[PDB]
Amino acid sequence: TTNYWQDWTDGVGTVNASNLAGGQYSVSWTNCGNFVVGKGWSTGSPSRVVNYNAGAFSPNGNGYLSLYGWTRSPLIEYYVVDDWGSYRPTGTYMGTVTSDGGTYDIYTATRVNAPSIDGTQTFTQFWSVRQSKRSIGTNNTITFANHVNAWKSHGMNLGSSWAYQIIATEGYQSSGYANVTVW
């Protein structure tokens, strides 16, 4: 089961996050800047099968619910986005993957001198973004290998050093509430 709790905020606005029992967490936020909260594993794996149930996910404006993590060597921030608020995230279109009963658009982007796990850096994002919002309150699976192997087909190769891997709630200039269980 999960072994890791993430609670990162840029300190802008109010983000109240709770590390509940087991794989469960809750977050209430008001006029945030950027935050990432979630549960998962301190060391990511390309073969991990991730399960979650979002009891609530109600962003007022920009918020994502995703499988989220980083690699180093080189520095890559990756997302498998199942739900979003007002803004569907996009980048440069690479193609599509069908996994766990949904179709995802695959995108790349570069972030130049941006906040990272290793401070201000230039890094790449790999995205799988679902074409429609996934059901809330359902036991949902992400078969991450399908995304990794789809990304590999487009030359989107992850780094050799694996950092954390979580079901994350992320806000940007928004308010909202989320309650999520991960296993």
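We call the rigid core whatever largest set of C-alpha positions still superposes within 1.5 Å between the two forms. The numbering used is simple: start at 1 and walk along the sequence shown.
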Inset, instruction - Output the stretch, either 127 to 135 or 113 to 121, that has more C-alpha displacement from this form in 6 other deposited structures of this protein following superposition by the rigid core. - result: 113 to 121
Inset, instruction - Could you check which stretch, 22 to 30 or 136 to 144, carries the larger mean CA temperature factor in the entry? - result: 136 to 144
Legend entry - Residue range whose averaged C-alpha B-factor is higher in the record, 113 to 121 or 126 to 134: 113 to 121
Inset, instruction - Just grab whichever of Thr169, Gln165, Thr14, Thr9 has the top CA B-factor as deposited. - result: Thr14
Legend entry - Top residue by Cα temperature factor, when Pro59, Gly69, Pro46, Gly38 are compared in the entry: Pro59
Legend entry - Lowest, middle or highest third - CA B-factor, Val97: middle
Legend entry - Third of the chain, ranked by Cα B-factor, where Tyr104 sits: middle
